[PDB]
Every structure is written in C-alpha cells, then in structure tokens.
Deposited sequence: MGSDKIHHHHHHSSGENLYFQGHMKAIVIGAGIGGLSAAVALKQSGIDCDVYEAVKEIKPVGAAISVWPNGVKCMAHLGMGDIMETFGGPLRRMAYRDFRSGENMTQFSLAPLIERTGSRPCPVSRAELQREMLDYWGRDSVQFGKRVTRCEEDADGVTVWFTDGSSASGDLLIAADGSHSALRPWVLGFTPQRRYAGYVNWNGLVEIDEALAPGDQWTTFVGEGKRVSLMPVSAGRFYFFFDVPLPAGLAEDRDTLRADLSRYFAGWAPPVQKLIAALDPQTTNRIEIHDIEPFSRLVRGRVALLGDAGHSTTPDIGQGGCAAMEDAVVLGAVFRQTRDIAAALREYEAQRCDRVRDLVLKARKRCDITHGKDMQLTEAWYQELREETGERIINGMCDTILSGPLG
C-alpha cells in the first residue's frame, strides 16, 4: 500500500505511446532514471531526413545515444545561401564557430537510419507494434489505455508521444486543436552527392520568389534535398505529376536546381503540405504527459521538431531522477518545456512567413540581408535557439 517503495524494479511502469523520435527518446530517459517502460506503436511496420542541431545532439549524447549521431550524422561544416537566378553566393561561411559555442557538431541524418538505430538501441523486442491507442483513463491508482485491436494496458505513468495527430492530446487538453496550414508545400528526398549541385560538406540553399531549394549532406555520400513553394493547400499533385510540377515552379532557377529536378526519383520523393498547431499552455494532466509533436507541432523551418522531442525526453528523465511523485514531476516537466516549445513553434512560424513571401517585401528585405551577411548574425541567431535548450 502506502508503504511500497517505488524505486524497486517493477514498482514503476511507464506506458509510452509512439515509437518515433520522442517515444524512443522518452523510454530511454525514463529507463536511465530507473523506470520500466513498455513502448507501444501503432504501425506494424516502419517508415526523408532531419538536421539534428547541437541541442538535439547533446540530448542524444546525454541519453546514451551519442554514437548514433557521430556515426550517421552527415558532414555539415559550412552553409551558403545562393541567388536563384545566377546560382551565386549571396553569403557563405563555416559553422565551426557554432560547434565551439554550442559544444557539438550539427548532425543531418536520414529519418530512416535514425529511426532504425533508435529502435536497435531500445530493442524491437520491447516495442509492441500494431498497437494504436484510442483512449486513456486515469484514477487514484494509475492510468490505463485502450488499443484499436481490443487490448489495453495499465501503468503508473503515461507518455503520449503519438505524433502531430496525437489521439491522446485531446484528453490532456480538454479540446481538439486543429492543424493550421502554413501556406507552403515541401518536396523532400535523398540523392547521391554530386558537386554539379553543391559542396558535399555544405548546407546549400537557393532562395527567391518566396521559395527555396536546399541541400545538406547526410551519411554515406548523400544529399537530403527539399523544395519549398508557397501554394494553396489541396492542389492535384502527387508523385506522378512531381517532376513537371517542380520544373514549372522553378523555371528559370540556376542550372544546379534543374540538375536536381532531373536527378531525383519521384517515387521516393515526398510531397508534404506544411502545417503547425497553435501552442498549448498545457502539456500534462495527472499521470499523462504529451511529448514531441504530440505536445507541440511546428513548421520544420528552423529544424527543431525532432530536436525539441529529444529535449523533452531529457527533461522527462531528469525530473524523475530523484522523485517518484508523478504529479509533481510532470508539473516540473511542463514548467521547463512549455515556454521553450511555444517559442520554438512561433519562431518556426515567423521564419516560415519571412521565407515564403507572406509579405513579399519583408522576404525581399531578408534576401537583401543575405547579400550583406557575413555569417555572424545567422550564427548568433542559431546559437540563441540552440543554447536556449535544456542542456544549454
């Protein structure tokens, strides 16, 4: 009863929903803090890239997963912005000074490699697949979830890391937030490095017309690429119309861009309409905490979605290091994370509005600053976002 010692192996069970970046990061952090986690994942089977900035990397290191970053992080050393017409350097500079101020190297990684490695680290045997949560209920003694397959599971703690379309989120919040279309469409994929495009150690972005085309190296001699185009949502466009779409959206753009359109494979290339969600002023309820996209859904414009989920997990584990008061721990988790992820969502949104011609004049002013940019201002801005993470 009331005299049970909750530190003993088996006395504290956390249920983690979602086996993506957040779910697996979370389970690893809790396990570090001596908590047993069962991880549940909706799909029976798994399935372009993210850049894990130094804040995410340090978190990965903290969680005992640093070897994955080191091994699979692409060689990112410098970045450039290029005029869309001439394909010429508006600005160019190295990221070394960023590695020095933040303590880590930035690590672009394929989403598929990152997914597999994290699974390998946690162990697939400890993940139950085909388990799609529909509902959680809590009472005095604990929390319970139900799955579509008719099964259920009970624990002391519930981690909702069930993604941008989180099914548990509404129970935590008391209402159902809706995705806001961000006003642009992203095409993304991988191609083999080919300097007829850009330097293999550089993050190169062509900007103009409220659009951009980006390349950055992941592992195994490869480029993560993407095109952004501001567009109404719902255009009749898929993998079969793809190369034609890109060809017209980027007509006139510098040869490297055209060579990219030719090089890519539409069947492996993704077309996603970008959304985010207005920040919540709550992340926890009783024994239940939102983690990752479930707790904050951002446009990918500053590359902090995945990083933020890793940050969440570090804080989660930290607040359970030396207490077994679940309600207090989750309150402190919320306390530490809520303003962070709100700022990250809003910063991403503003960057997005500037990048994609919400106000074409502000976007042109930004191009202007890119022509007059040494690298100091951008690096400062990046360090601000990174150093505001939990591991500073």
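Colleague: Where does the model skip over parts of the deposited sequence?
Modeller: Deposited residues absent from the model fall in 1-12, 60-62.
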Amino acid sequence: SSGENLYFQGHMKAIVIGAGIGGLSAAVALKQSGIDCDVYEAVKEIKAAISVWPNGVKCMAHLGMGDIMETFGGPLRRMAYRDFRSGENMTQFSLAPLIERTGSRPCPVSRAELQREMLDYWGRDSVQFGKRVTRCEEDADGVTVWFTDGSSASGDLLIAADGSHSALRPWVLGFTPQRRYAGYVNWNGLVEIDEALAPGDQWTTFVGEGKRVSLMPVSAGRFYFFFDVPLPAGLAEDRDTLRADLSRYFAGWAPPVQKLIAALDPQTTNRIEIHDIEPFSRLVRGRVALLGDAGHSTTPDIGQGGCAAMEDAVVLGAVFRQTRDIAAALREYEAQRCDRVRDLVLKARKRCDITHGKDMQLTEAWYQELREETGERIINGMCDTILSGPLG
From here on, numbers count along this sequence of modelled residues.
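Colleague: Between 61-69 and 341-349, which has the higher average C-alpha B-factor in the PDB entry?
Modeller: Comparing 61-69 with 341-349, the higher mean C-alpha B-factor belongs to 61-69.
Colleague: Per the record, averaged over C-alpha atoms, which has the higher B-factor: 286-294 or 246-254?
Modeller: Averaged over C-alpha atoms, the B-factors run higher in 246-254.
Colleague: Looking at 211, 132, 135, 239, which has the highest CA B-factor as recorded?
Modeller: Spelled out: the listed residue with the top C-alpha B-factor is 239.
Colleague: Kindly indicate the residue among 232, 199, 306, 317 with the greatest C-alpha B-factor in the PDB record.
Modeller: So the option with the highest C-alpha B-factor is 199.
Colleague: Looking at the temperature factor on the CA atom of residue 99, which third of the chain's modelled residues does it land in?
Modeller: Its C-alpha B-factor, which the entry lists for residue 99, ranks in the highest third among residues of this chain.
Colleague: Which third of the chain holds residue 181 when residues are ordered by C-alpha B factor: lowest, middle or highest?
Modeller: Lowest third.
Colleague: State the tercile, meaning the lowest, middle or highest third, of residue 265 with respect to the CA B-factors recorded for its chain.
Modeller: Residue 265: CA B-factor falls in the highest third of its chain.
Colleague: Determine, from the deposited record, the chain-internal third of the Cα B-factor for residue 119: lowest, middle or highest.
Modeller: Middle third of the chain for residue 119's C-alpha B-factor.
Colleague: Pull the Cα B-factor of residue 45 out of the PDB entry and bin it into the chain's lowest, middle or highest third.
Modeller: Highest third of the chain for residue 45's C-alpha B-factor.
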